[PDB]
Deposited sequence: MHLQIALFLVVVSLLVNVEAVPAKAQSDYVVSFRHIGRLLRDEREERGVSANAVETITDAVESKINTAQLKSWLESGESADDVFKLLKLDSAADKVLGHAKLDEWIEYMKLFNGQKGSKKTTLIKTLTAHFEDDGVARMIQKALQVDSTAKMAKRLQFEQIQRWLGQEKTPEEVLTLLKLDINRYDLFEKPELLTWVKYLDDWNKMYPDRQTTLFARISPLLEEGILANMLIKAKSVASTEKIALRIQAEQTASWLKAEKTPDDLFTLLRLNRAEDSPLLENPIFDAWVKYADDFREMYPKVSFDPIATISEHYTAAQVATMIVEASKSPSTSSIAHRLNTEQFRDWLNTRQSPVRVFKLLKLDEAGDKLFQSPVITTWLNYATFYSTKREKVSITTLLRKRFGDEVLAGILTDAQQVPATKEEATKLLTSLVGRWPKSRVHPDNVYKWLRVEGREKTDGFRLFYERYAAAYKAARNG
């Protein structure tokens, strides 16, 4: 404690603010908290505070030199340093008390913290954390004047833009809680406006596809959950979402988005759900395997049907149909459509493509197995399976051999 100096200052009539500036403490906000010069100043502020003098606090003086948003940022970082952490926590309290003591509404403090200017960077601003803590203290302090995060933020940000921001705010540790929490209020706000899942779909731009495989969008998984949460409360006047989706995308379009998203853990969960929805809708409305075939336009692929992205969708639905409603042979269908020679060729091709290798084989084993009874000559068994081009060990070649010998 430089008594000499403190005395010198008192006897010049330096205010506590004059000394804050003699100390050049307003130079850099990041060299203030937990530094020796502020400790000098604090000792002078005690002495200054008297008795005909104009009292000041440390909060009042910091705010007067760095502004509310400036002070909020100063605390926020100082909370992340151990040296200064206890100081920062007390100083944070005193900031919030000052505002509550005035009665700066959460809306007024939002402006003081310049969060309205910084709207679109909201969740990146340290001052946001100060403000959330102030709103929450405000609501406890004045229960007759309550307000919510979403009520103070949504007038600043377009509904869809706010959604995108929350979704990214969630992948961040410091703002994830807050982002969930505003998400919750935003959902309830939509629910009580009633707001149908189909209105919401287009409110959130989900009917576009320029930049999206859509199932990659957490907005899309956000929707759907709103829709689950819209059966919800209004069980009577509701649909489920495959209805909504289908207003903007076709069967074959939808089936591909699904075939895609199911190849990564990130989206395999929304994909197998949407897949459930599509299968359920086909079966509810009594789509046979044959009927779904056309809905996916696999008849317009001709002989190239095993090269369609949705061929596995169709084979799956057919396996699904037979287990649930009535056994339908895919083999029988493909056989009547192409014939033994063209189908054997088709499937032999599909064996070489890895994503169809196993269902190609499984169908071809089924095809070939009906051939003994259909009186197929071993030359035809040979040429149609393209045995000549197969490996010495290939199961279909060894089938050919035993079929030739038995015959």
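Q: What are the unmodelled segments when the structure is compared with the full deposited sequence, in sequence order?
A: Model skips 1-64, 115, 473-478 of the deposited chain.
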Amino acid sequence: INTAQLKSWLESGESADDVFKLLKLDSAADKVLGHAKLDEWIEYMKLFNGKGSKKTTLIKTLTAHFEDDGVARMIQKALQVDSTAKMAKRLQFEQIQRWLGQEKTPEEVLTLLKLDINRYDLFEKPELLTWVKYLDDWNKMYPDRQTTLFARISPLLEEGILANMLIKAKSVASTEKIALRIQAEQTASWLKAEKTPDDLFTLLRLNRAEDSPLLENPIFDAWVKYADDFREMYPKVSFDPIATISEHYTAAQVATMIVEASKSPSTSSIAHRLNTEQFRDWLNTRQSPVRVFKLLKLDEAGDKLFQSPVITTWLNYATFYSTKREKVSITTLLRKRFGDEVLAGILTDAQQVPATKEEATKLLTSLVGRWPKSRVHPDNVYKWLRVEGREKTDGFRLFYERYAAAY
From here on, numbers count along this sequence of modelled residues.
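Q: Going by the average Cα B-factor in the PDB entry, point out whether 56-64 or 371-379 comes out higher.
A: Comparing averages over the C-alpha atoms only gives 371-379.
Q: Between 65-73 and 357-365, which has the higher average C-alpha B-factor in the PDB entry?
A: Higher mean C-alpha B-factor in the PDB entry: 357-365.
Q: Would you mind checking which of 132, 311, 243, 151 has the top Cα temperature factor in the PDB entry?
A: Comparing C-alpha B-factors across 132, 311, 243, 151, the top value belongs to 243.
Q: Quick one: which of 276, 92, 217, 139 has the biggest Cα B-factor according to the entry?
A: Largest recorded C-alpha B-factor: 217.
Q: What third of its chain, lowest, middle or highest, does the C-alpha temperature factor of residue 107 fall into?
A: CA B-factor rank for residue 107: lowest third.
Q: Can you tell me which third, lowest, middle or highest, the CA B-factor of residue 116 falls into for its chain?
A: Its C-alpha B-factor, which the entry lists for residue 116, ranks in the lowest third among residues of this chain.
Q: Divide the modelled residues of the chain into thirds by Cα B-factor and specify which third, lowest, middle or highest, holds residue 287.
A: Its C-alpha B-factor belongs to the lowest third of this chain's values.
Q: Would you mind ranking residue 126 by its C-alpha B-factor against the rest of the chain and naming the third, lowest, middle or highest?
A: Within its chain, residue 126 is a lowest-third residue by C-alpha B-factor, going by the deposited values.
Q: Thinking about Cα B factors across the chain, which third does residue 235 belong to?
A: Tercile = highest for this residue's CA B-factor.
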